[PDB]
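So the structure is just underneath, and the comments pick up after that.
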Amino acid sequence: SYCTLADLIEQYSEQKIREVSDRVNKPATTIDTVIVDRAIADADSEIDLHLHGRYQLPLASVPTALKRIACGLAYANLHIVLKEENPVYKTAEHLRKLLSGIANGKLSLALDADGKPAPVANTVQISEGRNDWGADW
Amino acid sequence: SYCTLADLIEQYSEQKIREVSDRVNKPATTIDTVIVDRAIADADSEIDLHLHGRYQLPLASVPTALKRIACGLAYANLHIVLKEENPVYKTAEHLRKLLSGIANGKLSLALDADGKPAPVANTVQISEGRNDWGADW
Amino acid sequence: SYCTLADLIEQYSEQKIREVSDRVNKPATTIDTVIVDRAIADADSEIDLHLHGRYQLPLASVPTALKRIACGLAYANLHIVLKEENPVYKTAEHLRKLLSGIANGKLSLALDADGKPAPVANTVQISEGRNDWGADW
Amino acid sequence: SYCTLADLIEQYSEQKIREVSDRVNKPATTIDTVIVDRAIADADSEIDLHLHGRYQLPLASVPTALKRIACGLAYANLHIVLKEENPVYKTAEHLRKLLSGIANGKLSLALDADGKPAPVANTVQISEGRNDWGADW
Amino acid sequence: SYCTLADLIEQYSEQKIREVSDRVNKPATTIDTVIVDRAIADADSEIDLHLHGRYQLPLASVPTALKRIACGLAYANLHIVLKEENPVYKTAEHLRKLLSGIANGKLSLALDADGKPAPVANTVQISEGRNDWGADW
Amino acid sequence: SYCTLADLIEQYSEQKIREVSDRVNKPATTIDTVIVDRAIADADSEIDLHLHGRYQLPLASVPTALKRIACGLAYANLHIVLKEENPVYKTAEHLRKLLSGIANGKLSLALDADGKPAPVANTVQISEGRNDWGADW
Amino acid sequence: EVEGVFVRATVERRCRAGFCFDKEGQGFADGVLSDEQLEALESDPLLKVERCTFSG
């Protein structure tokens with residue numbers, strides 16, 4: 002859960018979330034929590050797809066850039082039909098580009114609140130090191 | 002916090018900040034501090050994403066170029082819908098290009114007020130150096 | 002402070018500075034010193050970003066080319082909205098090209114009034130030189 | 002001072018200099034000497050930027066080609082707004098191309114009145130030359 | 002002085018020289034000798050810029066091709082405003098191409114009246130030649 | 002003098018030479034010999050520029066191809082203003098292409114009347130040849 | 053006291069503007085300022101050099 006309904010409302014205003022989330026009432030009246038939850042879950046799943054090879058999956062903290070990316074992807078997911086030239090689609094593409102840059106080691110995952118994220122041990126591995134005759138015998 | 006509400010007002014005039022920040026009153030009357038704070042936080046998170054590999058994260062001082070970049074990104078983030086040909090989008094792209102140039106070691110992070118920034122110790126690492134028989138025995 | 006309000010007025014006439022600096026009175030009446038100061042500071046910050054790797058930051062003197070570049074960038078910064086085909090934007094791009102050429106060692110930073118600038122000691126570094134047996138023993 | 006007000010008047014006629022230099026009177030009446038001086042100084046600063054790596058800065062004499070280049074750049078600088086397709090801009094670009102060709106060693110700086118310019122000692126440097134045993138001992 | 006006022010009149014007719022040289026009388030009445038002299042001097046300066054690396058500067062004789070090139074460049078210089086598609090500009094570009102070809106050693110500077118020009122001693126230089134033991138001892 | 006006024010009249014008819022040579026009478030009445038002489042001299046100078054590196058300058062005979070090239074260039078020179086799409090300009094360009102092909106050793110300079118031209122001794126040079134011990138001693 | 057003076061009408065390389073020409077300036081063997089410029093200005097003499105005690 003890198004973003005919440007509060008984050009979506011704050012980033013896109015409550016009116017737009019209501020309009021793109023209420024599918025049964027015309028005009029919209031309330032925000033459907035289930036739809037928003039599914040959209041946020043899908044955004045988190047995509048982000049994990051991008052970040053699985055460099056960091057641990059169950060992150061204990063959410064970096065701020067991760068919050069922005071999740072909010073953007075979740076909003077893009079709340080559109081049933083999304084054309085290519087829709088600006089929301091372009092924002093989603095830019096965020097996906099940021100994610101790909103992070104995955105390819107060109108961008109670093111920033112601070113969460115004060116501490117660093119938790120990188121995986123992929124680079125750590127070395128055989129073991131056999132150096133007998135060099136132990137001050 | 003590389004930029005503040007005062008910086009945004011000074012760079013873009015208080016009227017524009019009021020217009021792009023007040024989402025509940027039409028016409029706008031007051032500047033929403035929470036929305037501006039979130040936009041500035043998102044800009045800072047992106048900048049940290051770009052600068053994590055060359056400098057320490059919790060910078061004790063804010064370089065002036067960093068202030069300009071943060072102000073531009075924060076203003077670009079205050080737009081719910083941002084098209085490709087919007088000039089604010091072009092300014093954001095130019096600032097992102099500046100950030101990428103800094104990350105790739107083509108531009109240096111300037112002075113904060115009088116002293117240099119604090120680069121990370123990434124380049125410092127060397128094995129240790131074994132040079133016995135050369136210590137004036 | 003590579004340029005001042007006097008330089009901006011001289012280069013772009015006082016009327017244009019008044020028009021692009023006074024944001025609260027319509028029609029403009031006075032030049033806002035704070036806005037001009039911030040624009041000049043931003044121009045100086047960008048120039049330092051470009052020049053940090055070849056010269057000392059706190060320059061004791063301002064080369065004339067640096068004055069022209071700072072004036073152009075400061076004027077470009079005084080525009081809240083700047084489109085791509087605006088001639089001021091093109092002038093800013095040309096000045097940025099000059100700065101990049103200086104940074105990449107294709108252009109030299111000229112005389113300030115009569116003396117040379119102060120290049121950094123980046124190229125000076127050599128190990129030390131061990132040449133015993135060659136000291137006229 | 003590679004060019005003077007007399008040179009600008011001779012090259013572009015006094016009417017055009019008056020029109021592009023008098024900013025306070027409409028129609029123009031007199032030529033503003035301060036504005037012309039600043040434009041000429043900026044042209045000289047750019048030319049020095051281009052010529053610093055091959056010749057001494059404080060040239061004791063002004064080559065004729067340098068006079069033409071300075072006049073063109075100074076006239077181009079007297080325009081507050083200069084579009085891309087303006088012929089004066091094209092002339093400035095051609096002169097800048099000439100300057101770049103000079104800097105890259107494809108064109109030589111011509112005679113001033115009768116004698117050569119003063120190239121810098123950049124190419125002169127050699128170590129010193131150790132050739133004992135070859136001094137007719 | 003590779004060309005004179007007589008050469009310009011002969012090549013472009015006296016009417017055109019009068020029209021492009023008289024800037025104070027409308028319609029033109031007389032040819033301004035000072036303006037023509039400055040234009041010819043500028044053409045000569047450009048030609049010397051192109052020819053300094055292969056021949057001596059103060060040429061004692063003027064090759065005919067040099068006369069044609071100087072006349073063309075001088076006429077092109079007498080236009081205050083010269084657009085890209087103006088045929089005179091195209092002629093100037095062709096002459097500059099001829100000059101560049103001469104400089105790059107693809108064209109030779111022709112006869113002046115009966116004798117060759119005076120090439121510089123740039124290619125002559127060789128060390129000296131140490132060939133003792135081969136002097137018929 | 003690779004071509005004469007008779008050659009120009011024969012190639013382009015006397016009417017066209019009169020029209021492009023008489024600049025003072027409207028309609029034209031007579032052919033100006035001085036203008037034609039200057040145009041022919043300029044054509045010869047360009048041709049010598051192209052042919053100086055392969056043949057002697059003061060040719061004792063004029064090859065026929067040289068006559069055609071000189072006539073074409075001289076006619077092209079008699080036009081004060083010559084646009085790019087003018088067919089005479091295209092003919093001049095083709096003749097210049099022929100000259101360049103001759104210079105680059107792709108075309109040979111043909112017979113003058115019955116004998117060959119006089120190539121320069123550029124290729125002849127060899128050191129001298131030291132072959133003692135091979136002289137039937 | 054300063055040790056270092058050149059008072060034999062001797063020649064030294066002093067650079068005025070784009071060139072270095074004969075002239076006598078600092079002409080001292082001790083330096084506390086303008087060292088980088090002094091090196092170019094304090095090129096050891098071309099001709100006879102003799103030192104004195106200015107004690108300035």
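Residue numbers (the deposited numbering), protein chains in the order written: chain qw, 2 to 138; chain qy, 2 to 138; chain qA, 2 to 138; chain qC, 2 to 138; chain qE, 2 to 138; chain qG, 2 to 138; chain hE, 53 to 108. Where is the CB? At the ideal position from N, CA and C, for every residue including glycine.
- request: Can you check the stretch 81-134 of chain qw for any alpha helix (DSSP H) of at least 4 residues that lies completely inside it and give the ranges in chain order?
  value: 88-104
field: For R39(qE), the first and last residue of its enclosing alpha helix (DSSP H)
entry: 34-52
- prompt: With a cut-off of 8 Å, do at least 3 Cβ pairs link the stretch 57-72 of chain qw to the stretch 31-48 of chain qy?
  reply: yes
task: Verify whether the separation of the beta carbon atoms of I103(qA) and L58(qA) is less than 8 Å.
output: no
field: Nearest to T34(qw) (by Cα), restricted to the options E86(qw), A42(qw), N132(qw)
entry: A42(qw)
- request: Compare the C-beta of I127(qG) against all C-beta atoms of chain qE and say whether one is closer than 8 Å.
  value: no
query: Thinking C-beta only, is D23(qG) closer than 8 Å to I10(qG)?
result: no
- prompt: Taking Cβ-Cβ distances below 8 Å as the criterion, which residues of the stretch 61-72 of chain qA are in contact with chain qC?
  reply: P64, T65, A66, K68, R69
message: Between which two residues does the beta strand (DSSP E) holding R66(hE) run?
response: 65-67
task: Under 7 Å between beta-carbons, which chain qE residues line up against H53(qG)? List them in chain order, please.
output: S109, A111
field: According to DSSP, residues forming a beta bridge with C72(hE)
entry: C67(hE)
query: Smallest Cα separation from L79(qG): which of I36(qG), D8(qG), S2(qG), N105(qG)?
result: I36(qG)
task: Taking all protein chains shown into account, decide if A61(qE) is buried (16 or more other Cβ within 10 angstroms of its Cβ) or exposed.
output: exposed
message: Does the CB of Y13(qy) have a neighbour CB from chain qA at under 8 Å?
response: yes
- request: Give the interface partners of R19(qE) over in chain qC, defined as CB-CB distance under 9 Å, in chain order.
  value: The contacting residues do not exist; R19(qE) stays about 15 Å from chain qC at best.
- request: Measure from the alpha carbon of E85(qG) to the alpha carbon of each residue in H95(qE), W138(qE), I18(qE), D38(qE), then state which is nearest.
  value: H95(qE)
query: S46(qC) CB to nearest chain C CB: under 8 Å?
result: Of the protein chains in this structure, namely qw, qy, qA, qC, qE, qG and hE, none is chain C.
field: Residues near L110(qE) in its chain [Cβ-Cβ closer than 7 Å; skip 5 each side]
entry: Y56, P64, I103, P118
task: Determine the burial state of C4(qG): buried for a count of at least 16 other Cβ atoms within 10 Å of its Cβ, exposed for fewer.
output: buried
message: Helix, strand or coil for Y56(qA)? Go by DSSP, reduced to three states.
response: strand
query: According to the neighbour-count rule (16 or more other Cβ atoms, all chains shown, within 10 Å of its Cβ), is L112(qw) buried or exposed?
result: buried
query: Are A77(qC) and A93(qC) closer than 8 Å when you measure CB to CB?
result: yes
field: Close Cβ partners of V89(qE) (< 6 Å) along its chain, the five nearest in sequence each way excluded
entry: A77
field: Limits of the unbroken alpha helix (DSSP H) element including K68(qA)
entry: 65-78
field: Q126(qy) CB to nearest heavy atom of the ligand NAD below 7 Å
entry: Here there are no bound small molecules, and the ligand NAD is not part of this structure.
message: For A136(qy), count the other beta carbons within 10 Å of its own beta carbon; 16 or more makes it buried, fewer makes it exposed. Which is it?
response: exposed
query: Measuring CB to CB, does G56(hE) end up less than 8 Å from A81(hE)?
result: yes
- request: Find the residues of chain qC that neighbour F71(hE), judging by a C-beta separation of less than 8 Å, and give them in chain order.
  value: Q57, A61, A119
task: Under the assumption that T62(hE) contacts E53(hE) (Cβ atoms under 8 Å), give the Cβ distance between them as a whole number of angstroms.
output: That belief does not hold up - the Cβ atoms of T62(hE) and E53(hE) are roughly 21 Å apart, past 8 Å.
- request: Output, in sequence order along the chain, the residues in the stretch 75-96 of chain qE whose CB is closer than 8 Å to any CB in chain qG.
  value: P88, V89, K91, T92
Run of the alpha helix (DSSP H) containing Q16(qE), from where it starts to where it stops: 6-22
message: Three or more C-beta pairs under 8 Å: does that hold for the stretch 120-134 of chain qG against the stretch 88-106 of chain hE?
response: no
task: Quick one: list the residues of chain qA neighbouring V35(qC), beta-carbon separation under 8 Å, in chain order.
output: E11
query: Using a Cβ-Cβ distance under 8 Å, would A29(qA) count as near chain qy?
result: no
query: Who are the Cβ neighbours of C72(qy) in its own chain at under 7 Å, not counting the five residues just before and after it?
result: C4, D8, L9, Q12
- request: Check the C-beta distance from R68(hE) over to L93(hE) and give it rounded, since I have them as a contact under 8 Å.
  value: Actually they are not in contact, since the Cβ atoms of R68(hE) and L93(hE) sit about 10 Å apart, beyond 8 Å.
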